[PDB]
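**Q** Can you keep this structure in mind? I'll have questions shortly.
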Protein chains: 2
Amino acid sequence: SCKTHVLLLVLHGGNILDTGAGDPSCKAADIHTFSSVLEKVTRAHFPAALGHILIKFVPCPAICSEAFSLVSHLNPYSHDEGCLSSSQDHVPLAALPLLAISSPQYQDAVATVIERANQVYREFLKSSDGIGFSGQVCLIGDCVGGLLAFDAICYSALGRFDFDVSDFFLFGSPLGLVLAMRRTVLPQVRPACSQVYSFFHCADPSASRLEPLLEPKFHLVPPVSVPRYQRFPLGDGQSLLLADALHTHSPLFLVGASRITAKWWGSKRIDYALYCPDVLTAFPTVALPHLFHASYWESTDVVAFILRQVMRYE
Amino acid sequence: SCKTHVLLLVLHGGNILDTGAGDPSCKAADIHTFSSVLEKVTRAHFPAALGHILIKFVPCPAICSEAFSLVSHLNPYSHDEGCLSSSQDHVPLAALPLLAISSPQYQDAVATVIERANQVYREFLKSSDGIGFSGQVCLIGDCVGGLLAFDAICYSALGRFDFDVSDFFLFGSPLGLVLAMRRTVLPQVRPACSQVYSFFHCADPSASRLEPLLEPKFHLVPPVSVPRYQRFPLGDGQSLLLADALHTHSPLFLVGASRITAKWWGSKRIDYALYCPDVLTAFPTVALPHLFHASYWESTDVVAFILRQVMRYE
């Protein structure tokens, strides 16, 4: 009945250097660009999806504001008020998410995200495109929004989203570092979703693997290489299944297989490395969080990958 | 009576990438190199100090071991067991001190350092060089040892050192980042010493200013430039006093002057930037913590500076 089969809900929190009140047009511009890539890839190769996948977004609070001010005041190099210096090659970017999630007010940002996402979902259900919706809701979190999205669906084994999450995609999010901090302070939390797919460019300062936090020996298993759309528009035929990694690397892991499988966040691999044009690596450190953030919204590699995953429901 | 007028006690904890049991000969080699620089500068320009300044060291625990393992397992790049990859330009070095001090066992490392320092001090007092000692004890902390040394002398306004600390020198220590984390979680702690001098090379990944944590507008006052011994073996004649910075930058700060002066850690500036040979900047990120760590023990710039400070007691 309903024309929308899959709702892609984007939790847009910006990147680790964003501060203050965001520009709402900037968030909408990101989503418009992403939506145009989705439509183009859909027409070229997934015509059965045309008109059936809808994108909505949720603006998240900029939880790195105070952390940015502290890091900027720690900078040994000369700089102007409210600024970093591009000469600081090793600006401590990894401290920004850690300071952000350590704030006593971080939990309030999570509660706010849940409230805004439920309002967006409810308006969708009343809209013409949402009447009679019975499909899948996938979550997409950007660099910072991914952190909030994860904490919003996590449980042990503030309210809650009004929907059940199927696929959960993370765009260059430093979640791994955050979870390493939380394990250090308080030494299983798992997300309530059908699968986690965490994308990163290896050279992104926020690139953080999650698989070795579930099973440490995965640090010796390479991340999955996402196929370049230009060469493999239909994918490269790889199964993506955890069981294939366990089977191929059985000496490393193998009760072993069942214990790892039980604690995994889905039946597929979690760590996905994206092809990184060499141009992106020619920039000073302070420019990289925005450049990597912006890359996702126009990535045909990422969009084609997402589309392939939502076809087991067709 | 006693031939030793100043005891320089070095808390040697290594750098943020050190793990496991240290090589004791390595720590002793560092201290021997430092001691030889001290003797050479002393003979050239402080002959009244010859034979009257003694160096002792205290090996500290390698509190970054577990953090190193986590960061190494987060690395998106291919690497070997127990290793970082030099291709990871933005390895999250800033996470290492933060994970280290967040461990529930960090407080036990501080207690252990206090115990070992008191044993070293007691053996010194029994030695021929220490009988009748009535002089000053200065503390020197290296990158990691500085963190432990600071927490050992801090109080609000585990045991304690058996001595009172005069000057406290920090060699490229990420204390500022640690204190920014602690202020974020629990939003005055001050060290029990006559003065803090925190040295850094601007390009050192652990370089972190402390002055803006005491007074935020100091982020717009440059750190003090340490004179190069090659050109200014006797110093450049600068007072180093906080009051001179407040006076010269009075519009920024000025009850203001008295409140800032009261919360400062001594009467002198705290942030000291060292000249950095360009060679040190030609190295990949994973090599920099050791290279910067090693630089201090052979630095005539640092040694001449230290010697000038211990002359107000002559």
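Going through the structure tokens in order, the chains are called A, B, and so on, while each chain numbers its residues from 1 and the ligands are numbered from 1 in the order shown.
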Could you list, as an NGL selection string, every residue within 9 Å of stretch 157-169 of chain A, counting only C-alpha atoms and ignoring same-chain residues fewer than 5 positions away?
**A** :A and (107-108 or 110-112 or 114-115 or 117-118 or 121-122 or 136-142 or 146 or 149-150 or 152 or 188-190 or 192-199 or 306 or 309-310)
**Q** Could you list, as a PDB file with C-alpha atoms, in the first residue's frame, the residues of chain B having an atom within 8 Å of chain A when counting only C-alpha atoms?
**A**
ATOM      1  CA  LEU B  70      43.412  -0.097  22.493  1.00  0.00           C
ATOM      2  CA  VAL B  71      44.679   2.575  20.127  1.00  0.00           C
ATOM      3  CA  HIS B  73      43.532  -2.082  17.811  1.00  0.00           C
ATOM      4  CA  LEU B  74      41.498   0.942  16.578  1.00  0.00           C
ATOM      5  CA  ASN B  75      43.959   1.646  13.755  1.00  0.00           C
ATOM      6  CA  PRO B  76      42.232   1.399  10.361  1.00  0.00           C
ATOM      7  CA  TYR B  77      45.552   0.674   8.620  1.00  0.00           C
ATOM      8  CA  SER B  78      47.204  -2.729   8.221  1.00  0.00           C
ATOM      9  CA  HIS B  79      49.743  -3.421  10.958  1.00  0.00           C
ATOM     10  CA  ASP B  80      51.559  -6.258  12.713  1.00  0.00           C
ATOM     11  CA  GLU B  81      50.819  -7.669  16.148  1.00  0.00           C
ATOM     12  CA  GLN B  88      48.571   6.422  10.073  1.00  0.00           C
ATOM     13  CA  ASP B  89      49.392  10.113   9.965  1.00  0.00           C
ATOM     14  CA  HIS B  90      46.696  11.040  12.484  1.00  0.00           C
ATOM     15  CA  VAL B  91      47.134   8.238  14.987  1.00  0.00           C
ATOM     16  CA  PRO B  92      45.059   9.441  17.993  1.00  0.00           C
ATOM     17  CA  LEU B  93      48.041  10.136  20.268  1.00  0.00           C
ATOM     18  CA  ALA B  94      45.941  12.515  22.401  1.00  0.00           C
ATOM     19  CA  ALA B  95      43.758   9.596  23.441  1.00  0.00           C
ATOM     20  CA  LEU B  98      43.310  10.410  28.504  1.00  0.00           C
ATOM     21  CA  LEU B  99      42.794   6.632  28.542  1.00  0.00           C
ATOM     22  CA  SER B 102      40.911   7.327  33.260  1.00  0.00           C
ATOM     23  CA  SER B 103      41.878   3.821  34.340  1.00  0.00           C
ATOM     24  CA  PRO B 104      40.673   2.777  37.830  1.00  0.00           C
ATOM     25  CA  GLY B 176      46.913  20.390  29.935  1.00  0.00           C
ATOM     26  CA  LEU B 177      44.798  17.834  28.091  1.00  0.00           C
ATOM     27  CA  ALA B 180      40.814  19.755  30.493  1.00  0.00           C
ATOM     28  CA  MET B 181      39.260  16.275  30.728  1.00  0.00           C
ATOM     29  CA  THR B 184      34.873  18.575  31.755  1.00  0.00           C
ATOM     30  CA  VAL B 185      33.831  15.615  33.958  1.00  0.00           C
ATOM     31  CA  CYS B 202      55.126  23.611  19.533  1.00  0.00           C
ATOM     32  CA  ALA B 203      55.180  20.686  17.080  1.00  0.00           C
ATOM     33  CA  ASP B 204      55.257  18.009  19.801  1.00  0.00           C
ATOM     34  CA  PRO B 205      51.973  16.046  19.736  1.00  0.00           C
ATOM     35  CA  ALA B 207      52.413  20.059  23.604  1.00  0.00           C
ATOM     36  CA  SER B 208      49.601  21.457  25.744  1.00  0.00           C
ATOM     37  CA  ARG B 209      49.371  24.930  27.280  1.00  0.00           C
ATOM     38  CA  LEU B 210      48.501  25.262  30.945  1.00  0.00           C
ATOM     39  CA  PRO B 212      44.761  29.278  29.645  1.00  0.00           C
ATOM     40  CA  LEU B 213      43.373  26.743  32.102  1.00  0.00           C
ATOM     41  CA  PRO B 216      41.486  31.721  29.529  1.00  0.00           C
ATOM     42  CA  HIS B 219      45.501  31.757  25.057  1.00  0.00           C
ATOM     43  CA  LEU B 220      46.149  35.075  23.296  1.00  0.00           C
ATOM     44  CA  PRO B 222      52.312  33.805  23.425  1.00  0.00           C
ATOM     45  CA  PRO B 223      54.260  31.265  25.463  1.00  0.00           C
ATOM     46  CA  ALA B 273      58.218  27.039  24.093  1.00  0.00           C
TER      47      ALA B 273
END
**Q** Quick check for you: according to DSSP on this backbone, which residues of stretch 156-268 of chain B are classed as strand (DSSP E or B)? Reply as a ChimeraX atom specification.
**A** /B:156,165-171,189-191,195-200,224-225,241,268
**Q** Taking C-alpha atoms for each residue, export the selection above as a compact mmCIF listing (two decimals), in the first residue's frame.
**A**
# COMPACT_ATOMS: atom_id res chain seq x y z
CA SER B 156 42.25 21.31 46.68
CA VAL B 165 59.12 20.73 46.23
CA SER B 166 60.59 24.02 45.05
CA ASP B 167 60.71 24.20 41.25
CA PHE B 168 58.72 21.71 39.19
CA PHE B 169 59.83 21.32 35.54
CA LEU B 170 57.72 19.41 32.95
CA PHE B 171 59.29 18.06 29.76
CA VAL B 189 43.29 22.15 42.31
CA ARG B 190 46.84 23.47 42.53
CA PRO B 191 50.27 21.87 42.93
CA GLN B 195 56.75 27.27 40.56
CA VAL B 196 55.65 25.17 37.56
CA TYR B 197 57.63 25.47 34.34
CA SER B 198 56.09 23.53 31.47
CA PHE B 199 58.37 23.11 28.41
CA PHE B 200 57.17 22.05 24.99
CA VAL B 224 57.66 32.43 26.66
CA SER B 225 60.41 31.65 24.11
CA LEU B 241 57.24 37.28 35.83
CA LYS B 268 56.53 33.30 36.93
**Q** For the atom pair atom CA of residue A:145 and atom CA of residue A:21, what is the interatomic distance in Å to one decimal place?
**A**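 We find that atom CA of residue A:145 and atom CA of residue A:21 lie 14.8 Å from each other.
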**Q** Would you compute the distance between atom CA of residue A:143 and atom CA of residue A:263? Give it in Å to one decimal.
**A**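 A separation of 24.3 Å between them.
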**Q** Report, in Å to a single decimal, how far apart atom CA of residue A:301 and atom CA of residue A:148 are.
**A** 24.5 Å
